[PDB]
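Report on the structure
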Amino acid sequence: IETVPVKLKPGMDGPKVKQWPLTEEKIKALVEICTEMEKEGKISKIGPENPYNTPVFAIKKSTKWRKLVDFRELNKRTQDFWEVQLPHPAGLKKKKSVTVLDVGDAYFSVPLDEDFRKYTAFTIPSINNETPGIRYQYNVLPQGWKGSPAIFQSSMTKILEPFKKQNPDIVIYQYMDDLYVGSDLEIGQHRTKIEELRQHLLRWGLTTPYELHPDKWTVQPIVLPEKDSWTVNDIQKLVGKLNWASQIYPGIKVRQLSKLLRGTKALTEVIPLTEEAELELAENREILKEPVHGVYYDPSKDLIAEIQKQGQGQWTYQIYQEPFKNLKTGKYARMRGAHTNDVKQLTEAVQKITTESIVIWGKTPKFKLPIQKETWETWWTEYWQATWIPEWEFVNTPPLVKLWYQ
Amino acid sequence: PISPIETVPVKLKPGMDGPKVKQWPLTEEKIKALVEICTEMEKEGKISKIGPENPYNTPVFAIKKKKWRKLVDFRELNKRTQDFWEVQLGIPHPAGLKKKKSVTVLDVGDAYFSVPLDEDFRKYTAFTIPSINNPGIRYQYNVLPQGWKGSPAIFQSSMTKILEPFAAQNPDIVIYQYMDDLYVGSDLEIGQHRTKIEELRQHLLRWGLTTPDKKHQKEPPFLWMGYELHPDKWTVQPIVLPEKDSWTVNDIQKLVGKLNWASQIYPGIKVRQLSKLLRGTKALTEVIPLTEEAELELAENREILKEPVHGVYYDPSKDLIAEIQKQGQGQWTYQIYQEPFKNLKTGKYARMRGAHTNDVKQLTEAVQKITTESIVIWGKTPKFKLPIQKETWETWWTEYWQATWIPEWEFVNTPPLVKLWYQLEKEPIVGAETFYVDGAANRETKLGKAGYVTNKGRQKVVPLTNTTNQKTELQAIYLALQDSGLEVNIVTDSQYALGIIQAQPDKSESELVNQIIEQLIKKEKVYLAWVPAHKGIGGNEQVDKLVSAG
Ligand SMILES: CN(C)C(=O)CCOc1ccccc1Oc1cccn2cc(C#N)cc12
Ligand SMILES: [Mg+2]
């Protein structure tokens, strides 16, 4: 009932991001949604003297439409003041079970500082420039603004303090609109304690509409092929891959293996693995089991995720902050189902990686995505269920990172 | 008239004060025009005489480019006032308009003077008519001044609010708003459509906005933002391509401009060889000699512009369809239509976005551009009729390392068909000669050699002048292709050259890679393999010792 003064970082003007053209379906859903939000007083219509703008999209998260606002820019221009404005538990990655709750509707009770409201302005585009958009700004704490959990924290600690006293071994982490609740309980007990908390929140006026298992994640080790008859080409590939790996694990050796190729030989020639080359390859399989050494997480530095299309629904990914110092690696799979496509799977992978990243370190990684920029901006909202949006950019996958990470 | 609309509050940029640009001295004939205009404008309430304590000024001038007009120089005040929600930059596209039985075109005359300006901001509009002696007269504005940073937005918003009542009582009457124009359309009987125009005309006159009197005035065909709009069809205004002996950078720019413009309804327009000229450009003065390819292109454009073409308007019940046709050197063309020969619009796609590409990649990119365009114009994505078979595209998008969203489409069999002119092998070839290739160049003397060493025992080295390690690495592959049977394994150490070939290009900026492409088509099976350099694998170790050593 009383607002909290909010500042931009000093000497910094609000956002002027461009609204993306939307389909008539998505516009009609935004107008319906925004008409109701205007009746409930959460947003109001603004005049030409407000020059700011934040993009809006319509996603599905269900068969009713949600409205997702891209506060990525307003978050750069303020939330870091809210990243330092008045915390991440490292045990949440260790919990056997983790459940994600959407608590973003609690935000629509707290008024927003009337002097900051101009920065939340957004536009519902018209088709073909018939009209200028319908323009609104926010009166309440908007979802996706990183200052919303920052301001609501005090109320949310208050609501959760009962539950934390009772279940002292359960981990509760909040990131934006989500609570991450982790326990070591049996699955069935876990789902019960989740319902207990869900009911607790609903009892105090917190409308809440995902189960993860970080005890199964790891940093995927490199696997070398196991063949029955080797060709010159198989050894060349094997030697090439082990050569790449030796920038990472240092004790890998290739002398005895490339000795097998001495002289100019046809690529299809079958070479038998001598006893020495087998020992070198066996010793090299063993050094790939142990992990990397000096790969530590620097909280100040940015996390970067790289993704490789592998064929047949497989997608590999790496999270690192400095090249070759991989904090996590993994591979994703889609059950296809003759309704799958490259963009559905890329969009699903980005969300998995981002969730996984949030649990471990509490921040989203900046993605290098293997897709044409203009294709992403058109179709990403068709499978985006998450309420957050990571930073991203577009790249051309190198020719050998596909197979070495395969 | 003036208006009882509420005013938009307006601030200057924080920490800035009002403008104080002194008045340039004026010839007494112009001071006569200003005094009479200002007393008329004062008598209508649009401006007010002000006291002596107003510290701010803004220069004023008179002219009549052979009635008089007053013009004010708000450049300094514009710098000092806040930013506004940017006025409509884009314009509607003719192809996006829904067909209607009748369309009226209303000019709101003197529109900005018809809207009040925020009170506390009025002191910063003060201007001075010069006295003969020095004591000049001081006026300030009470309406939106013409030329101030905030007029187009505030008038735009005032107009939106003024319309809102009339629009709610008339859910039949479509009103596009664009600058100080209103375009009114309906499917009423022309008798009562003229009634509703008459209502709207007065509704605005009560809010103080005058509208054309002599009938509704402006009559078809409509000269609107470089278009021609008829009751049933639209087309662009007539293009004139200059005939010149020499061309400057500025002349070619104005020429791709006009050509780009015509390509939305004139199918077949090509502009790529012409914009290759501007690749360097530099000064708009620099004279850029044309190219045999640029000349052929310009010739072909004048040929297409010789006949007249038109587009039709939009019916939201009919489907939305696009076809794409190949045009040659990576140039493509498309039509979007609802009825099979009545085109809503056309357009071109000729971008490489890289040194080398191939047909399927380019077609997919064309389908992208159309999709982004249909969403902007009709709010939907079209059905695609395309000259490519599912096997061609399915193979391409599956082997492609980049993710891609192929729409639903039907094959239309209308050659030139889009095809993969070659596919490398995924497994090495048996009984085929294995060529170990390598190249080298000296990074200072720029001399070079490409060579190979095969397993049948063949060795060759070709000498090379004015090249780089990357160019020789490709010549090396090119050499192995030239000298091999119809099936060949090539093993390289070049990550650069591996990357370019594995991409399976079929057109290129460089003629070397165009040469390599011609080789690859003529071969039957080709497998390309990579090994790390300077690791003495065997085969590679001997080409390095042969070429790279010398
Ligand atoms: C002749 N024509 C365009 C049709 O028949 C299609 C129906 O378009 C309209 C529908 C409603 C309101 C106005 C319509 O016209 C315009 C729409 C957009 C821009 N404009 C600029 C002018 C001028 N000068 C007219 C229009
Ligand atoms: Mg070499």
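Our subject is the structure that appears above.
As a starting point, this report considers the structure included with it. (Residues numbered from 1 in each chain as written, not as in the entry; some residues may be left out. Chains lettered and ligands numbered in written order. Heavy atoms only, no water. Residues with missing side-chain atoms left out of burial classes, pairs and counts.)

Summing up its helical and strand segments, chain A has ten helices and 16 strands in all. When the backbone C-alpha atoms are referred to their principal axes, chain A occupies close to 80 × 55 × 45 Å. (Helix = DSSP H or I, 4+ residues; strand = E, 2+ residues; numbered from the N terminus.)

Contact residues are listed per partner, giving 65 residues for chain B and 57 residues for chain A. Broken down by element, the residue count for the side of chain B that touches chain A peaks at eight residues, all from helix α8 (residues 359-378) of chain B. In the side of chain B that touches chain A, the residues fall into 32 nonpolar, 26 polar and seven charged. (Contact = heavy atoms within 4.5 Å. Nonpolar A, V, L, I, M, F, W, Y, C, P; charged D, E, K, R; others polar.)

Attention now moves to the site of ligand 1. All names here are of chain B. The local shell around ligand 1 holds 14 residues, among which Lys-98, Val-174, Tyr-183, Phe-222 and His-230 are the closest. In isolation ligand 1 offers 550 Å² of accessible surface; the protein chains occlude 97% of this area. Counting residues per element, the ones that place at least two in the shell around ligand 1 are β4 (102-107), β7 (174-178), β8 (181-186) and β9 (222-224). The element best represented in the shell around ligand 1 is β8, accounting for three residues. Of the residues contributing to the shell around ligand 1, the split by class is eleven nonpolar, two polar and one charged. When residues of the shell around ligand 1 are sorted by domain, at least three fall in each of domain 2 (88-112 + 152-220) and domain 3 (221-314). (Near = heavy atom within 4 Å. Areas by Shrake-Rupley, 256 points an atom, 1.4 Å probe, with all protein chains shown as cover. Domains from an automatic or database assignment.)

We now examine the pattern of salt bridges. Should the charged atoms of two oppositely charged side chains come close, the side chains can pair. Within this structure, the stated rule accounts for 42 salt bridges over all chains. For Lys-218 of chain B, the salt bridge is made with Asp-107 of chain B, and the minimal N-O distance between the two is 3.7 Å. One network of salt bridges, with partners in common, ties together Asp-13 and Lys-16 of chain A together with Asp-83 and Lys-149 of chain B. (Salt bridge = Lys/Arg side-chain N within 4 Å of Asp/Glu carboxyl O.)

Residue and element names in this part refer to chain B. Taken together, the five strands give an open sheet; going across it, the order is β14-β13-β12-β16-β17, and neighbouring strands pair in mixed fashion. Among the strands making up the open sheet, the edge pair consists of β14 (342-349) and β17 (409-411). Looking at each pair of strands side by side, their axes are set apart by 25° on average, direction ignored. Direction of pairing for strand β16 (residues 383-386) relative to β17: parallel, over a ladder of three bridges. Following the sheet pairing, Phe-384 is matched in β17 by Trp-409. (Pairing = 2+ DSSP bridges. Axes fitted to C-alpha atoms, helices over the stretch in contact; angles between N-to-C directions.)

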